[PDB]
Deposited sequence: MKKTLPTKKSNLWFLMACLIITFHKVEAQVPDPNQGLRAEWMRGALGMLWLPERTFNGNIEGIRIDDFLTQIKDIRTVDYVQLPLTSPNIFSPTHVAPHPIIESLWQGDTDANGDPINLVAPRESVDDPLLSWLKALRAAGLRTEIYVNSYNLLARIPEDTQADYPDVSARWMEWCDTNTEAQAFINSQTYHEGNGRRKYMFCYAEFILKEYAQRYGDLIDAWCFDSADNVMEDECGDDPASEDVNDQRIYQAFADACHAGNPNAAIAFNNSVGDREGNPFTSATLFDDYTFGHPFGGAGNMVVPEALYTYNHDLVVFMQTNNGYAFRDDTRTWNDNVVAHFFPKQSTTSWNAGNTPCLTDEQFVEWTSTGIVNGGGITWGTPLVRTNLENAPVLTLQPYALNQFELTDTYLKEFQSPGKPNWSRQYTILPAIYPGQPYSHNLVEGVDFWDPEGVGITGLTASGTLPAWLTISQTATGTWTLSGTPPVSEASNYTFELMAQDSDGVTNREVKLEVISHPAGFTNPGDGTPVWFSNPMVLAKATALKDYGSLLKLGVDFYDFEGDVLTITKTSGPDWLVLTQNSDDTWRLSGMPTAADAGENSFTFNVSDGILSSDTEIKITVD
C-alpha cells in the first residue's frame, strides 16, 4: 500500500471546516462570483482551519463546473436560449473568468486550507432517463468526445482495466483529462478532495469494490486519487462510500486511496438529529472520533489504514448542507459537538448554511446570522480549550503582505487575531528567528499589537522563510511565515508617482444588445496599482443603462439592460483611485 496514506491528512486532526457552496452555476452564472464577502464576515473567527469549495455541484448538477476547461467548454458549441443566454455551458469561459482560482487565493490569503467537492458522476448523467433543460446535450457530448478523440481513445486502450461495466471508461477519461488538469493547475492551493456519490457510480455501476484491499478491484478510485496527487502529492482524498455502522464503527471502511473518511451522517435527507435516537447515533460518531484520537480504523485487522484520519461532514441547518433557515443544534450543543469531535480528535467540515444559495434568484452568499453566532461561541471555546498552555496561532497559515521594492512595508499582528494566550493572561512578547531581511524589523507599536515594518531597497529580489515566536507564561510557540517579492502584471506602465493606472485609453469591451449585459473589470488585467493600494472605481459619465457594482477588492462587474435609444457607440468615462487617480474612456458598441 501507499506509505503516506492518511499521514498527508495529519493537519485535519483538530481541524474546523466550513462549506461555501453556491447553486445553479451553469451557463455563466458563476462567472465573476466572489467569496470575499463571506471571508470578511468570518474575519473574527480565528480557530477555523479550512473551507470546502465546489469544483462540481451535487446530484444532477455534477456536470456543472466552477472552473474553466477547454474540453468542457468545447461541449458548449455556442448554444443559446430564447433570451440569448448560454445553454449546454457547464463551466466558466477561459476568456471571462476563473472563479475557483479567485476563491482559492482568497482562502489562502485569509490563512485557510481548502477542501474541494467533486460529485463522482462528474460529466455523466446521474439519471439518464430525465433531461436537464439548462444543459441537455452535455452528458452525450462528453461521451461522444471520449469515444471519438485520438488522445482519449489511445488512453482508454492503454490499460485493460479501463473497459468494463456501465460507463467505466468515461470515468477514467474524466480522471485523466479533466480532474488531473484541474489538480495540476491549482497545485498546493487545494489541500483536500472529497468525492461524493463514489460507491453509487464506482462500485454499483462501474464494478469496483471499495471493501476489498486489492488494487485491481479499486482502479477507478486509484485513477481519481492519482489525478489529484499529480497536482498536489500531499492532497488528502476521501470517497463517499455511504454511511458505516451506527452501532459500531460509524465510517465505511477505507479504500486503498482514502486519506480521511468522507463521514456522511446517519439519516441523509431531513434533519440529522431528530428524533433523539438519530441525535445519539450521530453524536456517537462524534464521540468515536474523540475516543480514537481522530484515527478512524485503528480497530480492524488492517495496519495499512491506521493513519487514515476520522472526519465528519454534518450539516448545521435542519434541511441542506449549504443553506437553511433553522439550526439543527442549539448554541450549547453546536460547541459541544464540534469540540468533542476535534479537540484531540478528528476533523469536521461543517455544512454551514448561507442565506440564499441560488445564483438565479437574488443570491446572498454569506452565512446565516444564527450560523455565524454559533461559530463565534465555538471560537471562544476553542481559543481556550483546544490547545491549552502555550500560545496558539490563528487558522492554518499566517500570511505576510508581499514585498514592494522601494516602498515602505508595514503589517500588524494583533493579539486576539493572529495569536493569543488560551488562559487569557496575555502575550509576554513576540520575536522572530531564522534568515530575516536586513531591513525588516519587529516592534510593539501599541498594546497587544506587534508590527512587522521596514523599507526594502529597490534591488530587493529574493524570498525569505523564517519563524515567528509568540510567548507567554506557559512557554513559546512557533509559526513559519513567508515573504515574497511582488510580481507586476504584463502590459502596464509604472508612472512612479503613486498613481493607479488603467490598461489603456480608450478601452473597448464586448458588444451589447437592447434586452442584459455582462462584463468584468479585474485588477492586473484592466486596471493596476504598483504600490498595491486598495482601489475604488467610479462611472463618472455616459449613458444610464451601464450599472457598476463591486464584487471584491480585485473585481468589478459591469451589467444592466440597454434601451432602444442606446444603439450605436456608447462612451463612458471611468475613474480609478486609491488620493491619486486617473480617468479613462471606455467605449461599448451596441
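Taking the first deposited residue as 1, the stretches without any C-alpha atom are 1 to 30, 546, 610, 623.
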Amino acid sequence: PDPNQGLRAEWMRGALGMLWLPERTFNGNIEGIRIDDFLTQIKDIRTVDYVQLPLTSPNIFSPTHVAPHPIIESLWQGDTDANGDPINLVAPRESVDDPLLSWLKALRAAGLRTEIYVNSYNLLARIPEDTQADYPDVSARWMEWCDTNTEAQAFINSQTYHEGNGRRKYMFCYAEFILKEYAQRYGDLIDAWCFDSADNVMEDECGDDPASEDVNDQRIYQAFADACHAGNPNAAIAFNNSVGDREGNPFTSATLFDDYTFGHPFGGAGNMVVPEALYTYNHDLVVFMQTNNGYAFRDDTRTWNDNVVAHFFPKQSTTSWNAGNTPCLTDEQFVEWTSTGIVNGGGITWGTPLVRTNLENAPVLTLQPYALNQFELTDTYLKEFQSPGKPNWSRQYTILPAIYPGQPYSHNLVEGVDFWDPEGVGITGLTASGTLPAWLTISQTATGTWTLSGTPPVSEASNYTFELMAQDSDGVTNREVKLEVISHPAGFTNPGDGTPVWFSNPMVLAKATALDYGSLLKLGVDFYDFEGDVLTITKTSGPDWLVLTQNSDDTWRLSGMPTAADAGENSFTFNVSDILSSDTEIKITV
From here on, numbers count along this sequence of modelled residues.
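In this entry, 479 to 487 has the higher mean Cα B-factor, the comparison being between 479 to 487 and 229 to 237. According to the PDB record, 500 to 508 carries the higher mean C-alpha B-factor of the two stretches 500 to 508 and 382 to 390.
Remark: of 177, 145, 260, 313, 145 shows the highest value [criterion: C-alpha B-factor in the PDB entry]. For the set 325, 443, 330, 255, the PDB entry puts the maximum C-alpha B factor at 443. Sort the modelled residues of the chain by CA B factor and residue 19 lands in the lowest third. When all modelled residues of the chain are sorted by CA temperature factor, residue 105 is found within the lowest third. Residue 450 sits in the highest third of its chain by CA B factor, as recorded in the PDB entry. In the deposited entry, the Cα temperature factor of residue 522 sits in the top third of values across the chain's modelled residues. When the modelled residues of the chain are ordered by their C-alpha B factor, residue 52 lands in the lowest third.
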